[PDB]
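Asks: Quick one: structure below, then a few questions.
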There are 2 protein chains.
Amino acid sequence: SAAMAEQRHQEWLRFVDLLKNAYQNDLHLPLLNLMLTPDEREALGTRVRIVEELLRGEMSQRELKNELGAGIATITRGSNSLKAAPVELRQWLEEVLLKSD
Amino acid sequence: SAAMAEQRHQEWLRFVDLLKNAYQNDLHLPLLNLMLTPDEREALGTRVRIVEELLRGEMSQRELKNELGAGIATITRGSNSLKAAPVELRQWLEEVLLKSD
């Protein structure tokens with residue numbers, strides 16, 4: 001639904017503002033368990049590792065499937081989205097994932 | 001993987017602590033676009049509505065599929081997780097989704 005991308009954008013921002021508010025309340029853990037599936041939480045964990053490793057540049061896409069157990073399409077998309085990422089984010093992720101904290 | 005639930009729990013907490021940090025940096029929008037698919041962001045939007053409506057108690061499960069366009073299994077799980085939710089969260093969601101802000 002390209003036609004209804006605006007509604008869908010609004011609906012998404014609602015979720016981000018709710019989570020926002022839960023983090024300031026320390027209710028973020030319960031909210032996240034409520035909103036997401038185990039499957040989804042597992043995936044997110046694994047997406048962190050992909051980005052960390054794409055930022056690292058040491059591993060090849062296939063080593064990445066083997067050592068991380070993430071499907072190739074997840075890697076490819078993870079690759080695409082990072083490039084589209086604003087520089088400011090990229091710098092920050094480097095800082096945190098590969099400068100650690 | 002029940003056996004590796006602990007590793008998977010740790011990997012999840014990493015993502016929550018990263019997001020945490022992005023919200024305090026105002027880098028939460030870009031991070032979320034990076035980590036999640038359109039599909040996933042659409043779903044989350046839609047999960048908010050399910051919870052709001054389950055809290056409302058006016059609609060039946062099937063009206064819920066029809067007016068919200070969410071699969072029955074999503075509703076059923078959304079139902080199950082809310083019951084398992086800590087009272088403190090439940091109160092808060094009532095406050096926010098049905099007391100609004």
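Asks: Cβ-Cβ below 8 Å, separation at least six or inter-chain, first residue in the range B:1-20 and without any contact (Cβ under 8 Å) to a residue 24 or more places away in the chain, second loosely packed, with under 12 Cβ neighbours inside 10 Å: which pairs?
Replies: Short answer, once both residue conditions are applied: B:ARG8/B:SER1.
Asks: Being part of a helix (DSSP H, G or I), within 15 Å of B:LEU18 (Cβ to Cβ), facing chain B (nearest Cβ under 10 Å) and touching a helix residue (DSSP H, G or I) at 6+ places or on another chain (Cβ under 8 Å): is that true of A:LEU29 here?
Replies: It is true that A:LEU29 is part of a helix (DSSP H, G or I), within 15 Å of B:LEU18 (Cβ to Cβ), facing chain B (nearest Cβ under 10 Å) and touching a helix residue (DSSP H, G or I) at 6+ places or on another chain (Cβ under 8 Å).
Asks: Here's a follow-up. What number of residues within the range B:10-20 are buried (at least 16 other Cβ atoms within 10 Å of the Cβ) and more than 7 Å from chain A (Cβ to nearest Cβ)?
Replies: Qualifying residue count for the region: 1.
Asks: Answer yes or no: is there a residue in the range B:82-92 that is within 11 Å of chain A (Cβ to nearest Cβ) and polar (S, T, N, Q).
Replies: yes
Asks: Of everything in the range A:46-73, what is in a helix (DSSP H, G or I) and either surrounded by 19 or more Cβ atoms within 10 Å (Cβ to Cβ) or touching a residue at least 24 places away in the same chain (Cβ under 8 Å) (or both)? Give them in sequence order.
Replies: If the condition is that a residue be in a helix (DSSP H, G or I) and either surrounded by 19 or more Cβ atoms within 10 Å (Cβ to Cβ) or touching a residue at least 24 places away in the same chain (Cβ under 8 Å) (or both), then A:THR46, A:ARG47, A:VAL48, A:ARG49, A:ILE50, A:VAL51, A:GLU52, A:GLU53, A:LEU54, A:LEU55, A:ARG56, A:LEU64 are the ones that fit.
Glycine gets a Cβ as well: all are built from the backbone with ideal geometry, and neighbour counts include every protein chain shown. Any read-out appearing in this document is the output of simple, stated calculations on the displayed coordinates, not a laboratory observation.
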